[PDB]
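Asks:
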Amino acid sequence: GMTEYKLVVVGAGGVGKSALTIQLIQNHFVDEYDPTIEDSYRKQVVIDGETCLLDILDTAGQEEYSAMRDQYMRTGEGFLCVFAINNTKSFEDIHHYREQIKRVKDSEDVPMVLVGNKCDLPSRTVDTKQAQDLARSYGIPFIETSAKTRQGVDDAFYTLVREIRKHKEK
Ligand SMILES: Nc1nc2c(ncn2[C@@H]2O[C@H](COP(=O)(O)OP(=O)(O)O)[C@@H](O)[C@H]2O)c(=O)[nH]1
Ligand SMILES: [Mg+2]
Numbered sequence: 000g001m002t003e004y005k006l007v008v009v010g011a012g013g014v015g016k017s018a019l020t021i022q023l024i025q026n027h028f029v030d031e032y033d034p035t036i037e038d039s040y041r042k043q044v045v046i047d048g049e050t051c052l053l054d055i056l057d058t059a060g061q062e063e064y065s066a067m068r069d070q071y072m073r074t075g076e077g078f079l080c081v082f083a084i085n086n087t088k089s090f091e092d093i094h095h096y097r098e099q100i101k102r103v104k105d106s107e108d109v110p111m112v113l114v115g116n117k118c119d120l121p122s123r124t125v126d127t128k129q130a131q132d133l134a135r136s137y138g139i140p141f142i143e144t145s146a147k148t149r150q151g152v153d154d155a156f157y158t159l160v161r162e163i164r165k166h167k168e169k
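Numbers 0 to 169, taken from the authors' numbering, label the letters of the sequence shown in order.
(1) Determine the burial state of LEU79: buried for a count of at least 16 other Cβ atoms within 10 Å of its Cβ, exposed for fewer.
(2) Using only Cβ atoms and a threshold of 7 Å, which residues come within that distance of a heavy atom of ligand 2? Order them by chain position.
(3) Give the C-beta separation of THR58 and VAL8 to the nearest angstrom, bearing in mind that I take them to be a contact with Cβ-Cβ under 8 Å.
(4) Compute the beta-carbon to beta-carbon distance between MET1 and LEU52, rounded to the nearest angstrom, for a pair I have assumed lies under 8 Å.
(5) May I have the straight-line CA-CA distance separating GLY13 from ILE84, to the nearest angstrom?
(6) DSSP three-state call for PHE141: helix, strand or coil?
(7) Straight-line CA distance for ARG68 to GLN61?
(8) Does the stretch 119-130 touch the stretch 96-104, meaning 3 or more C-beta pairs lie closer than 8 Å?
(9) Would you call the stretch 160-167 and the stretch 15-30 in contact, with 3 or more CB pairs under 8 Å?
(10) Taking 7 Å as the cut-off, is the C-beta of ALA146 nearer than that to any heavy atom in ligand 1?
(11) Rounded to whole angstroms, what's the CA-CA distance from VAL103 to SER65? Just pull it up for me.
(12) Between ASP38, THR35, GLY15 and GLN70, which lies nearest to residue 182 when the distance is taken from Cα to Cα?
(13) Taking its Cβ as the centre, do 16 or more other Cβ atoms sit within 10 Å of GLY138, making it buried, or is it exposed?
(14) Shortest alpha-carbon distance to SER106 belongs to which of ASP119, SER122, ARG73 and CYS118?
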């Protein structure tokens with residue numbers, strides 16, 4: 000039968016992890032969602048003719064115990080690494096997320112997609128070239144998104160599934 004995949008959405012507080020996840024799951028933009036809530040959601044989709052069940056963890060940062068962070072990174076099969084295009088610190092944080100996930104999984108080959116969110120807002124500080132160069136250095140896709148307009152949202156999640164499939168079918 001069909002397969003379930005564990006996706007994990009990571010990134011600095013305020014980049015739009017919850018807004019992106021809720022758009023995919025519930026098809027609306029949520030303006031105020033408590034930044035300290037971490038929850039998971041299921042969604043069945045068909046990608047490349049094959050039916051999937053996505054189990055998506057919307058992370059929120061520090062855990063009661065760091066061992067719990069390590070556990071969700073170990074069971075996670077692919078990671079949406081989200082920054083906001085108007086927040087340079089959130090982009091620099093991607094370096095740390097890439098390192099930490101590889102470190103916890105003790106692996107050099109971890110499915111990931113780099114997501115630059117909030118493209119509909121003014122005063123961008125992270126240029127597309129910067130992000131394209133970084134994703135290229137990791138060997139992963141880069142997608143620009145807006146949780147408000149839905150630009151790129153489905154693309155980002157479905158591309159991550161394709162990356163998971165490529166890793167498993169190696
Ligand atoms: N304009 C705009 N605002 C966004 C976008 N994504 C998130 N936000 C806003 O950014 C703030 C933080 O988003 P949230 O989903 O809570 O970020 P999280 O802490 O990563 O889960 C909220 O006020 C959201 O409405 C976007 O693509 N465009
Ligand atoms: Mg959140």
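C-beta atoms are modelled at their ideal positions from N, C-alpha and C, and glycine is treated no differently.
Replies: Walking through what the data contain:
(1) The residue you call residue 79 lines up with position 80 of the sequence shown. Within 10 angstroms of the beta-carbon of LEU79 lie 16 or more other beta-carbons, which makes it buried.
(2) For ligand 2, the selected residues are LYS16, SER17, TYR32, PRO34, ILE36, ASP57 and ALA59.
(3) Along the sequence shown, one-based indexing puts residue 58 at 59. Along the sequence shown, one-based indexing puts residue 8 at 9. Correct: roughly 6 Å between the Cβ atoms.
(4) Working through the sequence shown from its first residue, we reach residue 1 at position 2. Working through the sequence shown from its first residue, we reach residue 52 at position 53. Indeed they touch by this definition, with Cβ atoms about 6 Å apart.
(5) Residue 13 sits at position 14 when you count from the first residue of the sequence shown. Residue 84 sits at position 85 when you count from the first residue of the sequence shown. Distance between the alpha carbons of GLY13 and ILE84 is about 12 Å.
(6) As a position in the sequence shown, residue 141 is number 142, starting the count at 1. It is a strand residue.
(7) Taking the sequence shown and counting its residues from 1, one reaches residue 68 at position 69. Taking the sequence shown and counting its residues from 1, one reaches residue 61 at position 62. Taken atom to atom, the span from the alpha-carbon of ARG68 to that of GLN61 is near 8 Å.
(8) Inter-segment contact for the stretch 96-104 and the stretch 119-130 is absent: fewer than three beta-carbon pairs are separated by less than 8 Å.
(9) No contact exists between the stretch 160-167 and the stretch 15-30.
(10) As a position in the sequence shown, residue 146 is number 147, starting the count at 1. Yes, since a heavy atom of ligand 1 falls inside the 7 Å radius drawn around the Cβ of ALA146.
(11) Position 104 of the sequence shown, counted from the start, is the residue given in the question as residue 103. Position 66 of the sequence shown, counted from the start, is the residue given in the question as residue 65. Going from the Cα of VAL103 to the Cα of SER65 covers about 11 Å.
(12) Here the chain has residues from 0 to 169 only, and residue 182 is not among them.
(13) Locating residue 138 in the sequence shown gives position 139, counting from the first residue. Per the 10 Å Cβ criterion, exposed.
(14) One-based indexing of the sequence shown puts residue 106 at position 107. Of the candidates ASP119, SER122, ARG73 and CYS118, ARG73 places its Cα closest to the Cα of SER106.
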